[PDB]
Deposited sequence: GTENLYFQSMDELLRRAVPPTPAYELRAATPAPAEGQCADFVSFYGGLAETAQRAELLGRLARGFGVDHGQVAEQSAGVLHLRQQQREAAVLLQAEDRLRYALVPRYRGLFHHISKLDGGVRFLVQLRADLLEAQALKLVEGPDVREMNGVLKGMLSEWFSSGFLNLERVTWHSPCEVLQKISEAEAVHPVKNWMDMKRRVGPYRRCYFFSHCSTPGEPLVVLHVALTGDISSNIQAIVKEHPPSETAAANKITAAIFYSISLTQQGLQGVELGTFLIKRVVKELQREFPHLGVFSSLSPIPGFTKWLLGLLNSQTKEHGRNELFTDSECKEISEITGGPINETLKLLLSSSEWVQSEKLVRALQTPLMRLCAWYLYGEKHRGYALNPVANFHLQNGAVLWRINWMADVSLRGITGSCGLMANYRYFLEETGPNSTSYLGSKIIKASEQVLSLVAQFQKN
């Protein structure tokens, strides 16, 4: 009754709120504020999913005009340099979706870019909850990811350090947006910003003291093989290695703007300024989705599927027996298991893109509830050899090659 009125309103608002595309000939000569107002007044994520789905599908590209312009370019190929360029630009203009003009005019508003980050955070969520589907919403994602990638480029971000002198609103923000290894109490947070620890974040030049992405570094004497050893440690007031034990994205709307890739790049330069005799850099990273992949394969060795759900770690006989098998299955999950030719694991793909080496597989590195249920206690060290991060980054993105240690490659030699 009042539901069919909510649906009717969206279609009217998108018509009168989405700015119109002018003719290519006249492309040189309040609507957006109505959109922001209506979008704000949407309570549930399912409501917002309905509006985003209609915007993507209804206000994209005029597929008809694109074909007319595509043929118009091919008709000239059978005149003049300026004649060709004008027809190319006609097609370039025809390929610009009508919603892009809305996102562009919204940015020009007070707190406009902030709104758009929230709107892509919701769009990515609605896609994850399968509330929105289709290639139209996927295109609208890329258009937004593209615009945001220009506003939040490396050169518009400031590197800020978190100490116990930082505001508690910033420490709360950093504590809350910490899904890797959650913070237990305020005394734990004080330790993670305390001596032998370095906590860094990126803020936009526009919004200082607002974390966009967070990186936790531990100053140690060896490449760490255990997370408990880092998080549950009381260091006093010489360092050989810098271990990245946690990397977190605060704004989910900026998922894919390479914020973490530039964060590590920056922090290393900062740590090299502070310790000019520091040449060991590595991560101690979780292997999320491993247990899920392992249980997904297991579809009597039925005892295995059942047991692999936290409680199995209690038996010393079962853990000891599962060392060599789970480590060779992990080595394959990281090195051999692919997705679109690239590494199946999202964390491994992240570090391999950055030029890291799949250096070590650590048994019972995270004996926490999330550590055992997530990656069966296993963690890995993606080692950063600064002298070769460049070529490794290139070899992975370009030729889809994973550089791995002899330890890791031996475990894959055991498999297959």
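Please report every deposited-sequence interval that has no C-alpha in the structure, sorted by position. Holes in the chain trace, numbered from 1: 30 to 35, 85 to 86, 246 to 251, 314 to 341, 459 to 460.
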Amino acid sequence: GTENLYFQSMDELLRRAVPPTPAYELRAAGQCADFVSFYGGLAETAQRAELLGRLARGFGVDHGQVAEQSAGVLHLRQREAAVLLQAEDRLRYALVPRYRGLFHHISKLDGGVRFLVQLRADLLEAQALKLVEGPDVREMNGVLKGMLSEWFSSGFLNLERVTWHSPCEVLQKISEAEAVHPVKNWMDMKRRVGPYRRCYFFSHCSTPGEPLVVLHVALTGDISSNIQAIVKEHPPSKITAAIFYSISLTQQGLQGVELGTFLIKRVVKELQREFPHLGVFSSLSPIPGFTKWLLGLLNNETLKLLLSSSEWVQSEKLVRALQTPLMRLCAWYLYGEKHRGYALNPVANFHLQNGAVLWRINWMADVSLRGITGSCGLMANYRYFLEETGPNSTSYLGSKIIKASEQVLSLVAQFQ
From here on, numbers count along this sequence of modelled residues.
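Would 53 to 61 or 380 to 388 have the larger average of its C-alpha temperature factors, as given in the entry? On average, C-alpha B-factors are higher across 53 to 61.
Once you work out the mean C-alpha B-factor for both 115 to 123 and 287 to 295 from the entry, which is higher? That would be 287 to 295.
Quick one: which of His104, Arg266, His75, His165 shows the highest Cα temperature factor in the PDB entry? Across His104, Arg266, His75, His165, the entry lists the biggest C-alpha B-factor for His75.
Considering only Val257, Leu85, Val180, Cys330, which residue's Cα atom bears the greatest B-factor as recorded? The record points to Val180.
Sorting the chain's modelled residues by C-alpha B-factor, tell me whether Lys400 ends up in the lowest, middle or highest third. Its C-alpha B-factor belongs to the middle third of this chain's values.
What third of its chain, lowest, middle or highest, does the C-alpha temperature factor of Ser375 fall into? Answer is middle: the recorded C-alpha B-factor places it there.
Name the third of the chain's ranked CA B-factors that contains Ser9, choosing lowest, middle or highest. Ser9: CA B-factor falls in the highest third of its chain.
Third of chain Cα B-factors occupied by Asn349: It belongs to the lowest third of the chain when residues are ordered by C-alpha B-factor.
Using only modelled residues of the chain, where does the Cα B factor of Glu160 rank: lowest third, middle third or highest third? Ranked within chain, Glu160 CA B lands in the lowest tercile.
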